[PDB]
């Protein structure tokens, strides 16, 4: 074996120029795609508000134009998937994961158009789902497309270009280049076997994607939270405590998304029509609550500044947590196209500040700021449920830029994954590819 590795040690990182260059174009397309998707979600969201002003006296009629406007776009997105591409429901990260384990196709000729348009319907109606879900699966399939159209052969090329696509997807959805690379390296690579994924190439496309976004998105941060205070050593144990509660809740939240997947299938039975009207009902509740109580609906990125700044009561904070747990399940367990990441960031922060609020009142000697605990709980449900702590950590850091808090973010994150494991939880993307693979055999 020894002489074989002196051979291979000397051949390390020599990615084929063909794959390097193609990973450039994959990154550029996923960029424009994600940018396109983002502006479409935004534009539908504004026109629905401009409807609520055409109708701003008759509060009953207003509440109805709320419901119907989201119900329609919801259905349209629901319908697009079950008629033309059912593997584009939900997040789609798990599908792209199976594509890398070579047990699931990448039907780009169908998914790109349905996920894009079907997502815009459901996201642009204001249901609580993230841009991530669409972009990442849109980006993988743009990888597969670029592969087939140039007919590049070999296993490096297929798994690389599909990784670099799903990477550049997440990066473009969050403006987080490092988080994109770390997300495939930590979570999306095939996890039980060696692989041929060039990470120089993943890096090449992530760059391209991030510049694409920057061209059409300069000026404005997804999440502006300002520079918070520091964490004294003698306050660190408080974050390990915050971790443990994330690490018991983490698995319970997974239980709920899985059981509510079951529970909602019992409603429509699988019937393409009762399903699409069930999604019209969910969409419309979200567009109604969008008007009636915005902190319960939508992706969640807006309340993140407010909650970190301490500008919510704890009364309101408990309201939003229960409420957003509920809309989050109903939206993501129903199968609508749309990610689970960005609502898990919001869910996380609000619980985080609520801890900090209690913690501030209990130890004035610590000179706490209730908002640092918010930053440390943002990627904490990502750690406890997705079991991608290193990705949540760098994702939260890329978005909120308070590096002075890296230690407490780590400490809450590790405690989340640690108690997640020791409590008996399973990685949630893994536990649903599992189930779609478990039926993709139990029908034989």
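Numbering follows the first chain given and starts at 1.
- The deposited model assigns a higher average Cα B-factor to 92-100 than to the other stretch when 92-100 and 172-180 are compared.
- Higher average CA B factor: 266-274, of the stretches 266-274 and 360-368.
- Annotation for 158, 131, 82, 227: 82 ranks highest, by Cα B-factor.
- The PDB entry assigns the greatest CA B-factor among 279, 352, 139, 205 to 279.
- The entry lists a Cα temperature factor for residue 50 that places it in the highest third of the chain's modelled residues.
- Residue 61: CA B factor lies in the highest third for its chain, per the PDB record.
- For residue 403, the recorded CA B-factor ranks within the lowest third of the chain. Only modelled residues enter the ranking.
- In the PDB entry, a CA B factor belonging to the lowest third of its chain's modelled residues is recorded for residue 414.
- In the deposited entry, the Cα temperature factor of residue 67 sits in the top third of values across the chain's modelled residues.
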